[PDB]
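Chains as they are written, first to last, in the deposited numbering: chain A, 658 to 707; chain B, 506 to 606, 622 to 859; chain C, 804 to 844; chain D, 412 to 582, 598 to 803; chain E, 608 to 656.
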Amino acid sequence: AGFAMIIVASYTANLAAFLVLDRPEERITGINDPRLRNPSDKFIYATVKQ
Amino acid sequence: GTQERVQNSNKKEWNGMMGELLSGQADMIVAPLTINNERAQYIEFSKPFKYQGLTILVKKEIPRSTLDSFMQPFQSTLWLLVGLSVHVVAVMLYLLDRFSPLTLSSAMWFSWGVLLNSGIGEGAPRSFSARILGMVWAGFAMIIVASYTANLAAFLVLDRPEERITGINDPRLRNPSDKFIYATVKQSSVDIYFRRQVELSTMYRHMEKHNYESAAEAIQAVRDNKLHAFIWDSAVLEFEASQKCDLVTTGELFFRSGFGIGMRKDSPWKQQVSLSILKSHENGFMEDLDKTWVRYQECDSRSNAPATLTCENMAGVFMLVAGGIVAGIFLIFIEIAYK
Amino acid sequence: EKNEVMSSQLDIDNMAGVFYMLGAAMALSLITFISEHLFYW
Amino acid sequence: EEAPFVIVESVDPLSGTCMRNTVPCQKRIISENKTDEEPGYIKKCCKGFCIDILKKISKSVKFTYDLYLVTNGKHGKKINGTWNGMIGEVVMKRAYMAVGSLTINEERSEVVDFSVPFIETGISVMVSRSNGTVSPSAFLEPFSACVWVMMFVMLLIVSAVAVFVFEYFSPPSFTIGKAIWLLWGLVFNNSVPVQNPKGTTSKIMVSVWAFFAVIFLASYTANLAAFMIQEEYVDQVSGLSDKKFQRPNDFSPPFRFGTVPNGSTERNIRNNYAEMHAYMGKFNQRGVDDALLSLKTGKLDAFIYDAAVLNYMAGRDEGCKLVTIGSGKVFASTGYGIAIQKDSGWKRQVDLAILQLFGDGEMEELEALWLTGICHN
Amino acid sequence: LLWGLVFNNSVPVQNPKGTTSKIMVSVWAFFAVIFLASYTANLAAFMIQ
Ligand SMILES: *[C@@H]1O[C@H](CO)[C@@H](O)[C@H](O)[C@H]1NC(C)=O
């Protein structure tokens, strides 16, 4: 009995610690972001000419 | 050693090791002496024996969950509103018996049984209305328990104590509070470095009232919770942060300059000593000395895991149980008396 | 920015929708009961 | 520009010159042969960390300069008693100074003077970031032994109360084992019990034991869900002094580690480590880019190079799939300096100026601009 | 019986016997254990952020 409950309490803490740390990413903030000062190739972003 | 104005005369003279090296009382300095700019004017520092930086040293704290009670994630009104709510539902299930389509004591036992998840009780309502009422009440005993557990495990997740000081750009260090005593060792390289800066000097005015008379006294006072942060070299702080298991360096080194054997500006020893140190850093002799003296670890890995619930914070439920046994004895006297 | 580190309690109003659901279920139960009573007449 | 400290951009196409950030470096490289005296003069403009150090040194010291870039050499290796590269240009009284990456040692200091080191550089290992798994002892972690032993003693005293219940009022006996099984089940959410006979103290007594079981179990789950989240940390190796390198064959299928042959790191290793150099030669690798590609495809287990280049490579890597155990445990930690002319008079002034830069805190700004990356966190 | 088995238990009377019947309620209990340990995890992940 003590082990059917350790398997269910452990399956739920693992499911709700991978549902908590599932943040997609962190968007660009300000201008000091290192990802903006040196962007990747597949990160097309531009402004209005002139 | 540093430069300071004398008490009575006008000329400025060095102090301690620098003064004893300059004033013909010492020909060499075999000791940890960080190479600086104010000292290289009159001293010829050889190539550095070991590299290091300036890092902070704070005391390690107990996680200390601080739960203090079980009804902690419910607010005393919600714990009371749910109880009358069991009975209203119990008395309604009981009243839905006289009308045609169950026993009142048993219907109120069954609402207690469905919300405390207990197995006690016997019998189920037979009318369709009371059946749907119990069918939705089950759904509400489970929303109260699943909601009490997500609230308990989202206040046990966000229970981080604080964020220790990191590096030197921390705004809490450039302008510290009154009850944040932290200082350094008087007359050293850190003193000159803080006196040279612009805003770090505005904070250095604040450190200056209390600076320990030595690194050993400062390390001793840090443990006694008398000093909150000690900024020193990191070869000595790494040896303090390992042996005692309650000292840990939080910040990152921000002043990269190592020690060096320094003799006066004119001597033949100055030339051969820089080659001996460069040659003996390469053939691993310094590595052997470091493995022999400086690094033998006894406490590490910085687990920093959250707190494990102790019997000091989870005693409310045991008090509730003990209380259950005591009221149970009075109820047994009432049962005998009622019988 | 505004940090989400808030030990939020569950006050008498922060979690009240379940009680409205229970009340609506009790109303529906009374409706079903009066319907069954009319059917048993 | 063979090191990520100085770079080469040909020239701004807007004004035909370069901006006010870089300094014009004359890429005076002999292109084809010695048939003519044409040095292939194309005025480029170099910038970076060493360029900024050099530009700060000249204002703090009154002098001018003109970057004669390089001719037939990279850093300078003694060949047939003749020096080439930067050391060869300095020793022939043709340069009088050198900057960039010199990796000061004894052989270069023998004939060429050196200033104080402005940055550290040794031998750091580079390994991939091992994923951090949960500790094998975590289910029995979120509750101390005190909680378990009290729960057990409370179970025992409630069983004692249940055997005392046997003297209740008028309403298969209710033995001790049955009550124990019933209370053991009620804390691990249910097994299959037979309960109190009746008797309002008995049913009530099991009912308030169920209320402590509902709180104990929704508190363990919350505490387990709060540890699994935060704790995460692991380390692949401790450095060159660990048993993983000293005893490679005394393990699972052995590790693979090699460096770039014909260099400084290989020379030291061969000088102070025989079996290590042999095992590294048994797993030699190509250039730094091919070594990174091999580390990405899981072919090499540890890369050996200088600390600064590996740190720069790991700072700007795609994601943070690279690590460098490095830090305090770096072997033969030398430094980079400015190779002044032998027995010159500018050595003292330039090293004093470097120490003065070190004093106020501008080199930290230079490092934060040119030496940090995305994985600085 | 199946309404109870998804909100952790009320007080039911179960399949008479018959291996398809007991089995059938047993695999409905396995979807109730996953559904309920998944709602709790999802509720614990919203309350936080
Ligand atoms: C770590 O997890 C990522 C997830 O995609 C995986 O690609 C990688 O191979 C894992 N590394 C190890 C050492 O398990």
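Beta carbons: idealized from backbone N, C-alpha and C, even for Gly.
Note to self: So for D/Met-631, helix, strand or coil by DSSP?
What the structure shows: helix
Note to self: Closest to B/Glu-543 by C-alpha separation, out of D/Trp-494, D/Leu-783 and D/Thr-798, would be which residue?
What the structure shows: D/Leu-783
Checklist line | C-beta atoms of D/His-802 and A/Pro-691 nearer than 9 Å | finding: yes
Margin query: Residues of the region 625-657 of chain D in Cβ contact with chain A at a cutoff of 7 Å, in chain order, please.
Written below: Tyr-646, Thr-647, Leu-650, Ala-651, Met-654 and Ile-655
Checklist line | Near ligand 1: D/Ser-539 beta-carbon under 8 Å from a heavy atom | finding: yes
Checklist line | Cutoff 7 Å; reference B/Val-705; Cβ partners in own chain excluding five residues on either side | finding: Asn-731, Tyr-732, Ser-734, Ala-735, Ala-738 and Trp-752
Item checked: Inter-residue CB distance, D/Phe-525 and D/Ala-765 (contact presumed, cutoff 8 Å) -> 6 Å
Checklist line | CB contact flag (B/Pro-568, B/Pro-681, <9 Å) | finding: yes
Note to self: Considering only the alpha carbon of each residue, which of B/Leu-586, B/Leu-678 and B/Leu-757 lies closest to B/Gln-740?
What the structure shows: B/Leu-757
Margin query: Please determine whether the Cβ atom of A/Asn-671 lies at a distance below 8 Å from any heavy atom of ligand 1.
Written below: no
Margin query: Contact defined as beta carbons within less than 8 Å: I believe D/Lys-504 pairs with D/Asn-495. What is the distance between those atoms, to the nearest angstrom?
Written below: Not confirmed; about 15 Å, so no contact.
Check: Is the Cβ of B/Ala-674 closer than 9 Å to any Cβ of chain E?
Finding: yes
Notebook entry, point to check: With burial defined as no fewer than 16 other Cβ atoms inside 10 Å of the residue's Cβ, what is the status of B/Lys-516: buried or exposed?
Noted result: exposed
Note to self: Using a Cβ-Cβ cutoff of less than 6 Å, which residues in the same chain neighbour D/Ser-471 once the five nearest sequence positions on both sides are dropped?
What the structure shows: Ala-779
Next item on the list: Give the single residue among B/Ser-823, B/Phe-759 and B/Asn-671 whose Cα lies nearest to the Cα of E/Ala-651.
Entry: B/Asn-671
Next item on the list: Compare the Cα-Cα distances from B/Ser-708 to each of B/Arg-815, B/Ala-666, B/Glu-772 and B/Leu-559 and report the closest residue.
Entry: B/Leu-559
Notebook entry, point to check: By Cβ distance, which residues of its chain are closer than 6 Å to B/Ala-650, with the 5 residues on each side in sequence left out?
Noted result: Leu-598 and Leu-601
Notebook entry, point to check: Does the Cβ of B/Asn-731 lie closer than 8 Å to at least one heavy atom of ligand 1?
Noted result: no
Checklist line | Element boundaries [alpha helix (DSSP H), containing B/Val-535] | finding: It is not in any alpha helix (DSSP H) - B/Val-535 carries neither H nor E in the DSSP assignment.
Next item on the list: With a threshold of 8 Å, establish whether the CB of B/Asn-695 neighbours any heavy atom of ligand 1.
Entry: no
Item checked: Member of D/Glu-658, D/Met-561 and D/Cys-429 whose CA lies at the smallest distance from the CA of D/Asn-542 -> D/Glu-658
Check: According to DSSP, is B/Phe-850 helix, strand or coil?
Finding: helix
Notebook entry, point to check: With a CB to CB cut of under 7 Å and the five nearest residues on each side skipped, what residues in its chain are close to B/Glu-518?
Noted result: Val-511 and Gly-524
Item checked: Contacts of A/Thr-669 in chain E (Cβ-Cβ under 7 Å) -> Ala-644, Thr-647 and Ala-648
Check: So, does the CB of D/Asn-675 fall closer than 9 Å to a CB anywhere in chain A?
Finding: no
Checklist line | Stretch-stretch touch, CB-based, cutoff 8 Å, three pairs: the region 413-422 of chain D with the region 629-636 of chain B | finding: no
Notebook entry, point to check: Is there at least one Cβ from chain H nearer than 9 Å to C/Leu-813's Cβ?
Noted result: Annotation note: the requested chain H is absent from the structure, which comprises protein chains A, B, C, D and E.
Check: Per DSSP, what kind of secondary structure is D/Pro-598 in: helix, strand or coil?
Finding: coil
Checklist line | Simplified DSSP assignment, three categories, for D/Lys-467 | finding: helix
Checklist line | chain E within 9 Å of B/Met-662, Cβ atoms only | finding: yes
Checklist line | B/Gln-557, buried or exposed, once every other Cβ within 10 Å from all chains shown has been counted against 16 | finding: buried
Item checked: Residues bridged to B/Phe-779 (per DSSP) -> B/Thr-539 and B/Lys-555
Checklist line | Under 8 Å by beta carbon: chain D residues contacting residue 637 of chain A | finding: No statement about residue 637 of chain A is possible, as the shown extent of chain A runs from 658 to 707 and does not include it.
Checklist line | Neighbour list for B/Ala-658 in chain E, Cβ cutoff strictly below 9 Å | finding: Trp-610, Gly-611, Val-613, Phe-614, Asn-615, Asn-616 and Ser-617
Margin query: When you compare the region 648-666 of chain B with the region 654-673 of chain D, are there three or more beta-carbon pairs, one atom per stretch, that lie closer than 8 Å?
Written below: no
Margin query: Suppose the cutoff is 6 Å on Cβ atoms and the five residues either side in sequence are ignored; what does the same chain contact list for B/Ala-531 look like?
Written below: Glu-525
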